[PDB]
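Rule-based calculations on the coordinates, nothing more; no lab input. Note that we place each Cβ from the backbone using ideal geometry, even for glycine, and neighbour counts take in every protein chain shown.
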Ligand SMILES: [Cu+]
Ligand SMILES: [Cu+]
Ligand SMILES: [Cu+]
Ligand SMILES: [Cu+]
Ligand code: NA
Ligand code: NA
Ligand code: NA
Ligand code: NA
Ligand code: NA
Ligand code: NA
Ligand code: NA
Ligand code: NA
């Protein structure tokens, strides 16, 4: 452990995220097949754009979830500044 | 076909890109395992940030390759405006 | 008022940010003069890229400042969740 | 000069872009007044988000204009690869 407060994921949450990552995994191998089949660079870039888009989506979702629940809990419990600093670090990371 | 001029990829080009997509595929399943193991949301977000970063890298590489070779060839061959319009569309796509 | 906790800016903080916005204001009018003088589109785009860069910089700075001080204070004072929700909204805004 | 082919801007084009940069200039000074009046950091960030948004808009517009007309002309005239390389440089610049 050795980290900020966390609300554990449900069977539901894990399942949903998982599909999104599977779909994304598929897209990634789809792109793999495209490169192997020597498909047009533009077609490939379109799919890459799709992937990046799907990643921002799942990433934002996890960000909001963590802030709305886990960080919110820490604020209630008294470890908010700890959790807030973590949160700011990943924000700057997504900016770097 | 029915698309702009393309310079076909070498055994070399395909191999290199492929590793990058494999590594990225790994990262994606790594993230999958992380979610399943109910790992900390922040740790997961860091890895997602890594993935998006690796995707921008391979995407930019493919973009430059296509422009430097394929689009450049079309300009020489006389189908440059065709290839240029395609290129502008994917740029706007990466912006949307 | 009617908003989350705020630590007021110093004479110092206001001065520093101000220079950065002035410089940015200059860049913006520089770009204005460039357009008027019918300068090359590429040169103009380079300067626009500069401006956007300078804006991300000052924006991130204000973001960190607000989180490190104002939001941190609210967490101590007991209005952290209020301040956290605000913070998440502007994050999503910078993403939209 | 010493640059790729350029189609000069009309009285119209200059006028339109100009308004957009003026509005943006206003926003920038609006933000200046906000900082001076010691307004809430969140309110300021919202306006900064607005500005960055308006800059992407005018920037993309100039990008498309340059590609659709100036770079397209160079391709017809025989200096397309020259103009294409310039265009790729500013793309990478907006990515750096
Ligand atoms: Cu969390
Ligand atoms: Cu290509
Ligand atoms: Cu603040
Ligand atoms: Cu131009
Ligand atoms: Na905590
Ligand atoms: Na403290
Ligand atoms: Na072509
Ligand atoms: Na034409
Ligand atoms: Na507050
Ligand atoms: Na609460
Ligand atoms: Na030219
Ligand atoms: Na050539």
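If you go through segment B:51-73 one residue at a time, do you hit one that is within 12 Å of ligand 7 (Cβ to nearest atom), more than 7 Å from chain A (Cβ to nearest Cβ) and either free of Cβ contacts under 8 Å to residues at least 12 places away in the same chain or under 23 Å from residue A:30 (Cβ atoms) (or both)?
yes
Of all residues in segment A:1-16, how many are within 12 Å of ligand 1 (Cβ to nearest atom) and touching a helix residue (DSSP H, G or I) at 6+ places or on another chain (Cβ under 8 Å)? Steps first, please.
Residues of segment A:1-16 within 12 Å of ligand 1 (Cβ to nearest atom): A:3-9, A:13.
Okay, now just the ones that are also touching a helix residue (DSSP H, G or I) at 6+ places or on another chain (Cβ under 8 Å), so A:3-7, A:9, A:13.
Number satisfying all stated conditions: 7.
Do you know which residues across segment B:82-96 are under 27 Å from residue A:92 (Cα atoms) and surrounded by fewer than 15 Cβ atoms within 10 Å (Cβ to Cβ)?
Once the filter is applied, which keeps residues that are under 27 Å from residue A:92 (Cα atoms) and surrounded by fewer than 15 Cβ atoms within 10 Å (Cβ to Cβ), segment B:82-96 yields B:92, B:95, B:96.
Which one of these is assigned to a helix (DSSP H, G or I) and either surrounded by fewer than 17 Cβ atoms within 10 Å (Cβ to Cβ) or at the interface with another protein chain (Cβ under 7 Å from one of its Cβ atoms) (or both): D:7, D:42?
D:42
Counting only residues that are in a helix (DSSP H, G or I) and surrounded by 15 or more Cβ atoms within 10 Å (Cβ to Cβ), how many does segment C:72-81 have?
Of the residues in segment C:72-81, 6 are in a helix (DSSP H, G or I) and surrounded by 15 or more Cβ atoms within 10 Å (Cβ to Cβ).
Of all residues in segment B:45-67 being within 15 Å of the chain's Cα centre (by Cα) and crowded, with 19+ Cβ neighbours inside 10 Å, which is farthest from residue A:8 (Cα to Cα)?
Among those residues, the one meeting the criterion is B:67.
Test residue A:93 against the stated conditions and say whether it is free of Cβ contacts under 8 Å to residues at least 12 places away in the same chain, at the interface with chain B (Cβ under 10 Å from one of its Cβ atoms), away from ligand 11 (no atom under 16 Å from the Cβ) and part of a helix (DSSP H, G or I).
Yes.
Given the structure, is residue B:85 more than 10 Å from chain A (Cβ to nearest Cβ) and away from ligand 11 (no atom under 16 Å from the Cβ)?
Working: more than 10 Å from chain A (Cβ to nearest Cβ): yes; away from ligand 11 (no atom under 16 Å from the Cβ): yes.
In short, yes.
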